[PDB]
Amino acid sequence: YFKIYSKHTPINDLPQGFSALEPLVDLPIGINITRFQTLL
Amino acid sequence: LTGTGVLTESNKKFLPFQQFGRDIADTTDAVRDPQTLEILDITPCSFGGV
Ligand SMILES: *[C@@H]1O[C@H](CO)[C@@H](O)[C@H](O)[C@H]1NC(C)=O
Ligand SMILES: *[C@@H]1O[C@H](CO)[C@@H](O)[C@H](O)[C@H]1NC(C)=O
């Protein structure tokens, strides 16, 4: 019961203007999420 | 999705995740065919007051 959406564009610190993100996936996983982190 | 109408080819630029389209009455206006993903317009069969 989880969603991912995304968008990806070239640019000229977050840039101004408008973005609409298409869904990549719905994942039927039902996982309890309260916390997150990023891989580098 | 049961219904009755004229099915046609259509130019509607369905994004790869979109499966069907709606008119403002919530009535379905187009469908992607599930066996081969062509975008079909749906129009009511020809009608009018007599
Ligand atoms: C998720 O787990 C926390 C404890 O780790 C709990 O407080 C929370 O109620 C859980 N989420 C849901 C939707 O119950
Ligand atoms: C469904 O079956 C037909 C005939 O075998 C095939 O041409 C078509 O590509 C199939 N579509 C899907 C979504 O698998």
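Chains B and A, in that order, are what the protein sequence lines are.
Residue numbering for the first sequence is 200 to 211, 215 to 242, as defined by the authors' numbering.
Basically the authors' numbering = 1-based index in the second sequence + 545.
We put the beta carbon where it would ideally sit given N, CA and C, even for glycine.
- [ ] May I have the straight-line CA-CA distance separating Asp586(A) from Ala575(A), to the nearest angstrom?
- [x] 4 Å
Open item on the list: For a test of the three-state rule: what should DSSP assign to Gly566(A), helix, strand or coil?
Closed with: strand
TODO: Return the residue from the list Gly548(A), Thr549(A) and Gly566(A) that minimises the CA-CA distance to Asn556(A).
DONE: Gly566(A)
Task: Cut-off 8 Å between Cβ atoms - residues of its own chain near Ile233(B), not counting five sequence neighbours on either side - done: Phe201
- [ ] Identify which residue in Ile569(A), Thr573(A) and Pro561(A) has its Cα closest to the Cα of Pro225(B).
- [x] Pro561(A)
- [ ] Take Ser591(A) as the anchor and find which of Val551(A), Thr547(A) and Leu546(A) has the nearest alpha-carbon.
- [x] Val551(A)
Open item on the list: Suppose contacts are defined by Cβ-Cβ distances below 8 Å. Is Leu229(B) in contact with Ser205(B) by that definition?
Closed with: no
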